[PDB]
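Novice: Contents are PDB, C-alpha atoms; file name entry.pdb:
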```
ATOM      1  CA  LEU V 314     162.066 175.065 102.115
ATOM      2  CA  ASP V 315     164.229 173.419  99.510
ATOM      3  CA  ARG V 316     161.321 172.348  97.235
ATOM      4  CA  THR V 317     159.778 175.852  97.058
ATOM      5  CA  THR V 318     162.997 177.857  96.629
ATOM      6  CA  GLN V 319     163.509 179.322  93.143
ATOM      7  CA  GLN V 320     166.498 177.831  91.278
ATOM      8  CA  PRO V 321     167.910 178.427  87.796
ATOM      9  CA  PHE V 322     166.185 176.247  85.193
ATOM     10  CA  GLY V 323     166.527 176.853  81.434
ATOM     11  CA  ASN V 324     166.309 180.566  80.683
ATOM     12  CA  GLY V 325     164.704 181.641  83.984
ATOM     13  CA  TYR V 326     163.759 180.062  87.346
ATOM     14  CA  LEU V 327     161.590 177.331  88.812
ATOM     15  CA  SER V 328     161.287 175.658  92.147
ATOM     16  CA  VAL V 329     161.500 171.879  92.351
ATOM     17  CA  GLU V 330     157.768 171.968  93.122
ATOM     18  CA  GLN V 331     157.002 173.851  89.873
ATOM     19  CA  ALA V 332     159.427 171.835  87.712
ATOM     20  CA  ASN V 333     157.729 168.652  88.940
ATOM     21  CA  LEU V 334     154.233 170.037  88.213
ATOM     22  CA  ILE V 335     155.395 170.985  84.727
ATOM     23  CA  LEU V 336     156.700 167.465  83.990
ATOM     24  CA  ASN V 337     153.384 166.066  85.302
ATOM     25  CA  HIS V 338     151.291 168.349  83.054
ATOM     26  CA  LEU V 339     152.922 167.572  79.721
ATOM     27  CA  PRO V 340     150.909 165.228  77.442
ATOM     28  CA  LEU V 341     153.648 162.583  77.433
ATOM     29  CA  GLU V 342     154.669 159.424  79.185
ATOM     30  CA  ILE V 343     158.178 160.453  80.186
ATOM     31  CA  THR V 344     160.833 158.026  81.421
ATOM     32  CA  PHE V 345     164.463 158.618  82.190
ATOM     33  CA  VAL V 346     167.264 156.034  82.339
ATOM     34  CA  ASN V 347     170.583 157.346  83.630
ATOM     35  CA  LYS V 348     174.068 156.810  82.171
ATOM     36  CA  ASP V 349     174.437 153.619  84.315
ATOM     37  CA  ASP V 350     171.350 152.135  82.590
ATOM     38  CA  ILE V 351     169.330 152.528  85.775
ATOM     39  CA  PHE V 352     165.617 153.356  85.330
ATOM     40  CA  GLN V 353     165.321 156.425  87.563
ATOM     41  CA  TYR V 354     162.102 158.253  86.878
ATOM     42  CA  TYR V 355     158.779 158.436  85.141
ATOM     43  CA  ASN V 356     156.312 161.340  85.269
ATOM     44  CA  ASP V 357     152.756 161.323  86.617
ATOM     45  CA  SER V 358     150.669 162.827  83.809
ATOM     46  CA  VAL V 359     148.770 160.057  82.051
ATOM     47  CA  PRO V 360     146.316 158.065  84.176
ATOM     48  CA  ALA V 361     147.581 154.490  84.785
ATOM     49  CA  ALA V 362     144.553 153.054  82.972
ATOM     50  CA  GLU V 363     145.516 154.957  79.817
ATOM     51  CA  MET V 364     149.318 154.291  79.870
ATOM     52  CA  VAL V 365     150.699 152.689  76.691
ATOM     53  CA  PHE V 366     153.669 151.296  78.585
ATOM     54  CA  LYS V 367     153.227 150.013  82.095
ATOM     55  CA  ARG V 368     155.653 151.528  84.557
ATOM     56  CA  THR V 369     155.592 150.626  88.237
ATOM     57  CA  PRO V 370     157.392 151.895  91.386
ATOM     58  CA  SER V 371     159.130 148.490  91.589
ATOM     59  CA  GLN V 372     161.003 149.129  88.337
ATOM     60  CA  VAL V 373     162.506 152.361  89.675
ATOM     61  CA  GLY V 374     166.162 151.796  90.628
ATOM     62  CA  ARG V 375     166.507 148.624  88.539
ATOM     63  CA  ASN V 376     168.438 148.142  85.286
ATOM     64  CA  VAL V 377     166.414 149.191  82.222
ATOM     65  CA  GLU V 378     166.189 145.646  80.747
ATOM     66  CA  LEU V 379     163.401 145.080  83.321
ATOM     67  CA  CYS V 380     161.159 147.643  81.587
ATOM     68  CA  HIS V 381     160.964 145.577  78.422
ATOM     69  CA  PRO V 382     159.960 142.001  77.476
ATOM     70  CA  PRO V 383     163.029 139.677  77.385
ATOM     71  CA  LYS V 384     162.432 138.791  73.679
ATOM     72  CA  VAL V 385     162.984 142.456  72.859
ATOM     73  CA  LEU V 386     166.149 143.086  74.931
ATOM     74  CA  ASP V 387     168.509 142.889  71.938
ATOM     75  CA  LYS V 388     166.646 145.785  70.312
ATOM     76  CA  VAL V 389     166.744 147.839  73.552
ATOM     77  CA  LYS V 390     170.542 147.428  73.836
ATOM     78  CA  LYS V 391     171.034 148.459  70.189
ATOM     79  CA  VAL V 392     169.036 151.665  70.816
ATOM     80  CA  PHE V 393     170.853 152.589  74.041
ATOM     81  CA  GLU V 394     174.201 151.818  72.357
ATOM     82  CA  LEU V 395     173.533 154.046  69.307
ATOM     83  CA  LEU V 396     172.418 156.932  71.504
ATOM     84  CA  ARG V 397     175.373 156.441  73.833
ATOM     85  CA  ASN V 398     177.956 156.226  70.986
ATOM     86  CA  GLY V 399     176.625 159.344  69.302
ATOM     87  CA  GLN V 400     175.522 157.537  66.132
ATOM     88  CA  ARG V 401     171.964 158.725  66.721
ATOM     89  CA  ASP V 402     170.432 161.671  68.607
ATOM     90  CA  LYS V 403     166.909 160.197  68.560
ATOM     91  CA  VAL V 404     165.348 156.889  67.604
ATOM     92  CA  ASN V 405     161.604 156.954  66.831
ATOM     93  CA  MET V 406     158.834 154.354  66.535
ATOM     94  CA  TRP V 407     155.082 154.622  65.892
ATOM     95  CA  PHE V 408     152.095 152.254  65.948
ATOM     96  CA  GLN V 409     148.381 152.199  66.632
ATOM     97  CA  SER V 410     147.246 151.065  70.050
ATOM     98  CA  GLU V 411     143.894 149.380  69.408
ATOM     99  CA  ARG V 412     143.244 148.966  73.149
ATOM    100  CA  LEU V 413     143.803 152.623  74.000
ATOM    101  CA  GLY V 414     142.601 154.161  70.725
ATOM    102  CA  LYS V 415     145.889 156.060  70.497
ATOM    103  CA  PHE V 416     148.274 156.580  67.691
ATOM    104  CA  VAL V 417     151.532 156.041  69.534
ATOM    105  CA  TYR V 418     154.684 157.960  68.760
ATOM    106  CA  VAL V 419     157.750 156.879  70.756
ATOM    107  CA  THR V 420     161.048 158.738  71.030
ATOM    108  CA  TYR V 421     164.258 157.595  72.712
ATOM    109  CA  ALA V 422     166.549 160.568  72.898
ATOM    110  CA  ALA V 423     170.120 160.852  74.075
ATOM    111  CA  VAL V 424     170.419 163.410  76.846
ATOM    112  CA  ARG V 425     173.692 165.277  76.292
ATOM    113  CA  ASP V 426     175.208 168.134  78.259
ATOM    114  CA  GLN V 427     176.515 171.321  76.614
ATOM    115  CA  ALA V 428     179.925 169.700  76.062
ATOM    116  CA  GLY V 429     178.036 167.043  74.080
ATOM    117  CA  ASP V 430     178.715 164.208  76.557
ATOM    118  CA  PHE V 431     176.218 161.415  77.278
ATOM    119  CA  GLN V 432     174.088 161.804  80.419
ATOM    120  CA  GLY V 433     171.392 159.124  79.845
ATOM    121  CA  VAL V 434     168.331 158.287  77.774
ATOM    122  CA  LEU V 435     165.028 160.170  77.821
ATOM    123  CA  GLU V 436     162.055 158.301  76.449
ATOM    124  CA  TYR V 437     158.820 160.145  75.751
ATOM    125  CA  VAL V 438     155.612 158.694  74.319
ATOM    126  CA  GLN V 439     152.905 160.845  72.744
ATOM    127  CA  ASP V 440     149.429 160.207  71.322
ATOM    128  CA  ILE V 441     149.506 161.882  67.901
ATOM    129  CA  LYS V 442     146.009 160.813  66.804
ATOM    130  CA  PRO V 443     144.507 164.239  67.720
ATOM    131  CA  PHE V 444     146.900 165.897  65.240
ATOM    132  CA  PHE V 445     145.107 164.023  62.476
ATOM    133  CA  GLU V 446     141.710 165.300  63.713
ATOM    134  CA  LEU V 447     142.268 169.075  63.773
ATOM    135  CA  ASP V 448     139.876 169.693  60.901
ATOM    136  CA  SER V 449     136.487 168.882  62.415
ATOM    137  CA  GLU V 450     132.992 170.035  61.547
ATOM    138  CA  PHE V 451     132.164 169.221  65.178
TER     139      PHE V 451
ATOM    140  CA  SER U 313     169.192 172.390 101.661
ATOM    141  CA  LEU U 314     170.069 170.256  98.661
ATOM    142  CA  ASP U 315     172.582 170.829  95.900
ATOM    143  CA  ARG U 316     171.680 170.687  92.217
ATOM    144  CA  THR U 317     173.204 167.306  91.430
ATOM    145  CA  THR U 318     171.834 165.154  94.290
ATOM    146  CA  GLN U 319     168.816 162.895  93.597
ATOM    147  CA  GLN U 320     165.447 163.823  95.038
ATOM    148  CA  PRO U 321     161.893 162.687  94.443
ATOM    149  CA  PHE U 322     160.312 163.759  91.153
ATOM    150  CA  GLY U 323     157.188 162.196  89.667
ATOM    151  CA  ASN U 324     157.174 158.461  90.299
ATOM    152  CA  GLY U 325     160.923 158.218  90.994
ATOM    153  CA  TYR U 326     164.000 160.446  91.334
ATOM    154  CA  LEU U 327     165.902 163.190  89.518
ATOM    155  CA  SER U 328     168.441 165.813  90.486
ATOM    156  CA  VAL U 329     167.654 169.428  89.553
ATOM    157  CA  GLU U 330     170.447 169.135  86.921
ATOM    158  CA  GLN U 331     168.675 166.100  85.404
ATOM    159  CA  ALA U 332     165.167 167.646  85.543
ATOM    160  CA  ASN U 333     166.626 170.705  83.792
ATOM    161  CA  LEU U 334     168.294 168.525  81.112
ATOM    162  CA  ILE U 335     164.979 166.720  80.526
ATOM    163  CA  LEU U 336     163.030 169.973  80.127
ATOM    164  CA  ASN U 337     165.624 171.114  77.581
ATOM    165  CA  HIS U 338     165.546 167.842  75.557
ATOM    166  CA  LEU U 339     161.788 167.707  75.086
ATOM    167  CA  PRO U 340     160.583 168.615  71.564
ATOM    168  CA  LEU U 341     158.624 171.623  72.896
ATOM    169  CA  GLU U 342     159.156 175.337  73.503
ATOM    170  CA  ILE U 343     157.904 175.642  77.101
ATOM    171  CA  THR U 344     157.068 178.774  79.072
ATOM    172  CA  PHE U 345     155.644 179.053  82.565
ATOM    173  CA  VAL U 346     153.789 181.972  84.159
ATOM    174  CA  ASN U 347     153.130 181.649  87.912
ATOM    175  CA  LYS U 348     149.932 182.353  89.846
ATOM    176  CA  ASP U 349     151.102 186.016  90.355
ATOM    177  CA  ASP U 350     151.224 186.530  86.578
ATOM    178  CA  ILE U 351     155.018 186.569  86.479
ATOM    179  CA  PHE U 352     156.706 185.058  83.407
ATOM    180  CA  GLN U 353     159.266 182.969  85.320
ATOM    181  CA  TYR U 354     160.701 180.470  82.930
ATOM    182  CA  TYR U 355     161.235 179.159  79.421
ATOM    183  CA  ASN U 356     163.242 176.104  78.479
ATOM    184  CA  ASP U 357     166.441 176.049  76.406
ATOM    185  CA  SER U 358     165.333 173.723  73.571
ATOM    186  CA  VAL U 359     166.102 175.606  70.296
ATOM    187  CA  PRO U 360     168.506 178.487  69.596
ATOM    188  CA  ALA U 361     167.107 181.925  70.479
ATOM    189  CA  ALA U 362     166.861 182.998  66.820
ATOM    190  CA  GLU U 363     164.807 179.933  65.744
ATOM    191  CA  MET U 364     161.939 180.054  68.284
ATOM    192  CA  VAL U 365     158.309 180.058  67.123
ATOM    193  CA  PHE U 366     157.456 182.573  69.864
ATOM    194  CA  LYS U 367     160.561 184.551  70.639
ATOM    195  CA  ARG U 368     161.357 184.930  74.320
ATOM    196  CA  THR U 369     164.374 186.773  75.706
ATOM    197  CA  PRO U 370     166.107 186.684  79.140
ATOM    198  CA  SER U 371     165.017 190.322  79.619
ATOM    199  CA  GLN U 372     161.387 189.244  79.836
ATOM    200  CA  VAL U 373     161.993 186.837  82.748
ATOM    201  CA  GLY U 374     160.661 188.060  86.110
ATOM    202  CA  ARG U 375     158.261 190.461  84.377
ATOM    203  CA  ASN U 376     154.472 190.435  84.654
ATOM    204  CA  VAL U 377     152.933 188.731  81.608
ATOM    205  CA  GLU U 378     151.293 192.021  80.633
ATOM    206  CA  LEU U 379     154.752 193.314  79.619
ATOM    207  CA  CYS U 380     155.616 190.201  77.588
ATOM    208  CA  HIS U 381     153.187 190.650  74.682
ATOM    209  CA  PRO U 382     152.088 193.513  72.393
ATOM    210  CA  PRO U 383     148.607 194.957  73.248
ATOM    211  CA  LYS U 384     146.670 192.941  70.611
ATOM    212  CA  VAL U 385     148.239 189.580  71.517
ATOM    213  CA  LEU U 386     147.852 190.420  75.245
ATOM    214  CA  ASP U 387     144.023 190.803  75.230
ATOM    215  CA  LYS U 388     143.665 187.251  73.880
ATOM    216  CA  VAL U 389     146.307 185.912  76.299
ATOM    217  CA  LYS U 390     144.345 187.429  79.218
ATOM    218  CA  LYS U 391     141.082 185.704  78.204
ATOM    219  CA  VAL U 392     142.934 182.376  77.931
ATOM    220  CA  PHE U 393     144.443 182.854  81.425
ATOM    221  CA  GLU U 394     141.017 183.624  82.847
ATOM    222  CA  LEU U 395     139.420 180.459  81.395
ATOM    223  CA  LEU U 396     142.227 178.299  82.781
ATOM    224  CA  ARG U 397     142.370 179.887  86.227
ATOM    225  CA  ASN U 398     138.584 179.633  86.660
ATOM    226  CA  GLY U 399     138.677 175.942  85.782
ATOM    227  CA  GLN U 400     136.422 176.334  82.740
ATOM    228  CA  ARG U 401     138.949 174.389  80.684
ATOM    229  CA  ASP U 402     142.201 172.599  81.545
ATOM    230  CA  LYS U 403     143.684 173.399  78.120
ATOM    231  CA  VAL U 404     143.270 175.842  75.238
ATOM    232  CA  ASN U 405     144.826 174.884  71.885
ATOM    233  CA  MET U 406     145.623 176.786  68.701
ATOM    234  CA  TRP U 407     147.400 175.775  65.497
ATOM    235  CA  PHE U 408     148.665 177.496  62.353
ATOM    236  CA  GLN U 409     151.038 177.102  59.423
ATOM    237  CA  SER U 410     154.431 178.805  59.700
ATOM    238  CA  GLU U 411     156.030 178.963  56.248
ATOM    239  CA  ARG U 412     158.833 181.066  57.863
ATOM    240  CA  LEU U 413     159.942 178.126  60.013
ATOM    241  CA  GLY U 414     158.811 175.249  57.784
ATOM    242  CA  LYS U 415     156.638 174.174  60.720
ATOM    243  CA  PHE U 416     153.020 173.505  61.399
ATOM    244  CA  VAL U 417     152.677 174.828  64.917
ATOM    245  CA  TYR U 418     150.413 173.410  67.629
ATOM    246  CA  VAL U 419     150.117 175.555  70.770
ATOM    247  CA  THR U 420     148.740 174.551  74.129
ATOM    248  CA  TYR U 421     148.024 176.698  77.170
ATOM    249  CA  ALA U 422     147.404 174.508  80.181
ATOM    250  CA  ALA U 423     146.301 175.142  83.771
ATOM    251  CA  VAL U 424     148.923 173.861  86.196
ATOM    252  CA  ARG U 425     147.099 172.487  89.279
ATOM    253  CA  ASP U 426     148.291 170.513  92.295
ATOM    254  CA  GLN U 427     146.585 167.273  93.496
ATOM    255  CA  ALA U 428     144.155 169.386  95.597
ATOM    256  CA  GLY U 429     143.001 171.175  92.413
ATOM    257  CA  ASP U 430     144.547 174.504  93.360
ATOM    258  CA  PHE U 431     145.877 176.893  90.672
ATOM    259  CA  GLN U 432     149.677 177.125  90.313
ATOM    260  CA  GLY U 433     150.021 178.998  87.009
ATOM    261  CA  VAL U 434     149.829 178.555  83.258
ATOM    262  CA  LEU U 435     152.066 176.210  81.238
ATOM    263  CA  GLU U 436     152.470 177.014  77.513
ATOM    264  CA  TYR U 437     154.046 174.460  75.194
ATOM    265  CA  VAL U 438     154.570 174.720  71.471
ATOM    266  CA  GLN U 439     155.236 171.779  69.142
ATOM    267  CA  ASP U 440     155.954 171.339  65.466
ATOM    268  CA  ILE U 441     153.490 168.719  64.252
ATOM    269  CA  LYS U 442     154.327 168.870  60.521
ATOM    270  CA  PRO U 443     156.555 165.722  60.803
ATOM    271  CA  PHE U 444     153.537 163.673  61.962
ATOM    272  CA  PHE U 445     151.555 164.385  58.769
ATOM    273  CA  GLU U 446     153.865 161.898  56.941
ATOM    274  CA  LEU U 447     152.781 159.032  59.197
ATOM    275  CA  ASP U 448     149.265 159.271  57.800
ATOM    276  CA  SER U 449     150.165 156.390  55.438
ATOM    277  CA  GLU U 450     151.174 153.902  58.175
TER     278      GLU U 450
END
```
Re-express the file's structure as structure tokens.
Specialist:
Amino acid sequence: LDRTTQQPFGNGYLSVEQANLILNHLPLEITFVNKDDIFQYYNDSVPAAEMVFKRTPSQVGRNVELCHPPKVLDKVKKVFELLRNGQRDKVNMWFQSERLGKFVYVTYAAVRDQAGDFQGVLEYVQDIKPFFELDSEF
Amino acid sequence: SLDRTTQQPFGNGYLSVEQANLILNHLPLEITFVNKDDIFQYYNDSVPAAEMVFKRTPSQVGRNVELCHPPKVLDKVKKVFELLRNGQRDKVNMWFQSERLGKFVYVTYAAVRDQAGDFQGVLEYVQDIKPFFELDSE
């Protein structure tokens, strides 16, 4: 079976089954938009009810501009352009989500191959609030 | 069969193996995976070998975890693996200052389970959280 067969990944091996589990057990909302600006993928780690940014099956396969409110589309294009052109490797944003009780840290990162060429945009969203609560008497 | 560059389901959409591998390498985490047979299978390629918080080498891949740590580190690693496998906790976290690396390191060991709740191995991911301490002000 193709999904259970061990394949080279990073510095060792994983099957597709294991690589998928790994992506689904990281504490991040992960999305990937390919070099044609097509929204291809998001992981399955954070429960839907706790997602900062709504992603739905319907968005998969569509151009990225459908993942973001229209009023904000100019800012989305500027980010994708800067990553694509090599002006930036990452663009970051942070804000408090009152509804979720999360301190949101957003990264858009250019995905580049070893030759340094553009292969798409990886977005990952993390709750960093716990990192401000490490020192606890409880 | 399926080659490494053809799209296949991952998460809530699609990735090729090449793309899933690129994503794992672009995340801001040093990742290692040990399977349910205690074999250290995999670590990502996310920082140069000489700059890793927890050095791993290709020589260690395919080896039982008991060969991948000195005796004193290993006893603690074993107790962590037991807690995770028995479903007592889903995660174990540790953190410490690394003046060597200019990093404040946050370590997570996580149980990797499928949707049935069955044990698939242990996922370790290491992050530098020092950069987040600046965002206290905002």
Novice: Could you spell out the hits of the PyMOL selection byres ((chain U) within 9 of (chain V)) on the shown file, as a PyMOL selection string?
Specialist: chain U and resi 313-314+316+321-327+329-339+345+347+352-358+369-370+373-374+407+418+422-426+432+435+437+441+444-445+447-448+450
Novice: Could you tell me which residues the PyMOL selection byres ((chain U and resi 380) around 12) returns for this structure, as JSON, numbers by chain?
Specialist: {"U": [344, 346, 350, 351, 352, 353, 366, 367, 368, 369, 370, 371, 372, 373, 374, 375, 376, 377, 378, 379, 381, 382, 383, 384, 385, 386, 387, 389, 390]}
Novice: In Å, how far is it from atom CA of residue V:399 to atom CA of residue V:429?
Specialist: 9.2 Å
Novice: Kindly indicate which residue among V:385, V:428, V:392, V:438 lies nearest to residue V:367, using all atoms listed in the file for the distances.
Specialist: V:438
Novice: Record the distance separating atom CA of residue V:405 and atom CA of residue V:421, expressed in Å with one decimal.
Specialist: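 Atom-to-atom, atom CA of residue V:405 to atom CA of residue V:421, that is 6.5 Å.
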Novice: Emit stretch 371-437 of chain U of the structure in the block as a file comprising C-alpha atoms, as a short mmCIF file (atom, residue, chain, number, x, y, z; two decimals), in the first residue's frame.
Specialist:
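Generated file (decode.cif):
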```
data_model
loop_
_atom_site.label_atom_id
_atom_site.label_comp_id
_atom_site.auth_asym_id
_atom_site.auth_seq_id
_atom_site.Cartn_x
_atom_site.Cartn_y
_atom_site.Cartn_z
CA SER U 371 23.53 7.62 11.65
CA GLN U 372 20.86 7.54 14.34
CA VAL U 373 18.00 6.99 11.87
CA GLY U 374 16.54 3.46 11.89
CA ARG U 375 17.94 2.82 15.38
CA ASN U 376 15.91 1.99 18.48
CA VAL U 377 15.45 5.10 20.64
CA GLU U 378 17.48 3.45 23.40
CA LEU U 379 20.61 3.97 21.26
CA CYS U 380 19.82 7.63 20.52
CA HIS U 381 20.39 9.12 23.99
CA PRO U 382 23.03 8.82 26.74
CA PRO U 383 21.92 6.66 29.75
CA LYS U 384 20.83 9.60 31.98
CA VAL U 385 18.76 11.34 29.29
CA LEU U 386 17.31 7.94 28.23
CA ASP U 387 15.71 7.05 31.62
CA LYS U 388 13.67 10.28 31.50
CA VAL U 389 12.81 9.76 27.80
CA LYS U 390 11.47 6.27 28.64
CA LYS U 391 9.14 7.58 31.37
CA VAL U 392 7.81 10.23 28.96
CA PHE U 393 7.16 7.56 26.29
CA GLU U 394 5.31 5.42 28.81
CA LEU U 395 2.99 8.26 29.90
CA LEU U 396 2.14 9.08 26.28
CA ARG U 397 1.63 5.50 25.11
CA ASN U 398 -0.63 4.70 28.08
CA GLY U 399 -2.79 7.73 27.33
CA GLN U 400 -2.10 9.38 30.69
CA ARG U 401 -1.23 12.59 28.88
CA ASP U 402 -1.33 13.64 25.22
CA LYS U 403 1.68 15.95 25.67
CA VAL U 404 4.65 16.48 27.98
CA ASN U 405 6.40 19.87 27.84
CA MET U 406 9.73 21.18 29.09
CA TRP U 407 11.48 24.53 28.69
CA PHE U 408 14.89 26.01 29.47
CA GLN U 409 17.24 28.86 28.61
CA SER U 410 19.99 28.14 26.08
CA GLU U 411 22.61 30.90 26.26
CA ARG U 412 24.69 28.81 23.77
CA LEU U 413 22.07 29.27 21.04
CA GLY U 414 20.56 32.59 22.16
CA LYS U 415 17.26 30.70 22.43
CA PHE U 416 14.66 30.01 25.03
CA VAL U 417 13.69 26.47 24.16
CA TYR U 418 10.22 24.96 24.51
CA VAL U 419 10.04 21.18 24.00
CA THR U 420 6.97 19.07 23.43
CA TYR U 421 6.64 15.29 23.33
CA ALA U 422 3.28 14.33 21.92
CA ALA U 423 1.40 11.04 21.47
CA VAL U 424 0.57 10.49 17.81
CA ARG U 425 -2.84 8.74 17.63
CA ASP U 426 -5.16 7.94 14.74
CA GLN U 427 -8.91 8.82 14.74
CA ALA U 428 -9.65 5.49 16.51
CA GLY U 429 -7.35 6.53 19.39
CA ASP U 430 -4.69 3.96 18.61
CA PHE U 431 -0.99 4.67 19.33
CA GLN U 432 1.23 5.44 16.31
CA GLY U 433 4.38 6.78 17.99
CA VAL U 434 5.83 9.84 19.66
CA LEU U 435 6.27 13.24 17.96
CA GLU U 436 8.89 15.59 19.47
CA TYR U 437 9.00 19.22 18.41
#
```
